[PDB]
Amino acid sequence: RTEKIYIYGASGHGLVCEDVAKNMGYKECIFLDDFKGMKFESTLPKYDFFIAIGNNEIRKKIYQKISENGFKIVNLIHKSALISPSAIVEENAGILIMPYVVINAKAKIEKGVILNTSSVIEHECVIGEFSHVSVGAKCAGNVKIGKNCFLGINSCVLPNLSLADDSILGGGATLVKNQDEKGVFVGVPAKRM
C-alpha cells in the first residue's frame, strides 16, 4: 500500500471509506469529486485509488475511467471483517468491506462490490461485480447475486437462490424465490414492484 490514497466521492460514502482507509493505516486521504469537491485530473500523482460512489452504475463508469487512466484501485477492508481463508476476494478491485462483515467458506466477491456494515455473505455465495450489499443485508448459503445488484438495508436472500443482474431488493425485503429477470422486489416475502 502507498501512504496516501485518493478517495473519489466527497460525500458521507467518501467519509466512511476514508475511515476504513485510516483503519488500514493510510496516513492521508485526498478527496476528489467532480460535482461536490476537487475535480479529478488524469495528470494527478499516482497513489492508491478508491471509488467511494454508492450508485453502482456511476461507480463502474468511474472505475473503468480511472483504471484506464493508469491508477491502481485497491480494496478497502476494515480490520474487523472476517473473511474465510477459502473465500475469494478479487485483489486490487475497488471492493469495499465495512466493519463486522463476515464472508464464509468458498464465497466469491467480484470487482467493485460494496459489502456494507455488518452484512453477511454465507458459504459458497457469488456476489457479482459492482453489486452493493447494504447495511445488515444477509445472503444465505449458495446465493448468486447478479452484476450491479442492490440489496437494501436489512434485506435477506434465502439459500440456493439467484437474483438477476441489475436488480434491487428493497430495504427490509426477504427474497424467497429465484429471479431470472431484472426487477425491484419488496416485502416479506419479496415481490415485484
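Note that the rigid core is defined as the largest set of C-alphas that superpose within 1.5 Å between two forms. A residue's number is simply how far along the shown sequence it sits, counting from 1.
Student: Please indicate which stretch deviates more in 7 other deposited structures of this protein: 44-52 or 142-150, judged by C-alpha RMS distance after a core superposition?
Tutor: Most displaced of the pair in 7 other deposited structures of this protein: 44-52.
Student: May I ask which stretch, 180-188 or 13-21, sits farther from the shown form in 7 other deposited structures of this protein once every structure is superposed on the core, judging by RMS CA distance?
Tutor: Farther on average in 7 other deposited structures of this protein: 180-188.
Student: Checking the other PDB entries that cover both flanking residues: does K60 lack coordinates in at least a third?
Tutor: That residue is present in all of the other compared entries.
Student: May I ask whether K36 is missing from the deposited models in at least a third of the other compared entries?
Tutor: Other entries vs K36: at least a third skip it.
Student: Taking only the CA atoms, which stretch has the higher mean B-factor in the record, 183-191 or 1-9?
Tutor: Higher mean C-alpha B-factor in the PDB entry: 1-9.
Student: Once you work out the mean C-alpha B-factor for both 126-134 and 63-71 from the entry, which is higher?
Tutor: Mean B over CA atoms: larger for 63-71.
Student: Just the C-alpha B-factor column, please: which of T43, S162, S155, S167 has the biggest number?
Tutor: Top of the list by C-alpha B-factor: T43.
Student: Compared with the other modelled residues in the chain, in which third is the CA B-factor of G146?
Tutor: Middle third.
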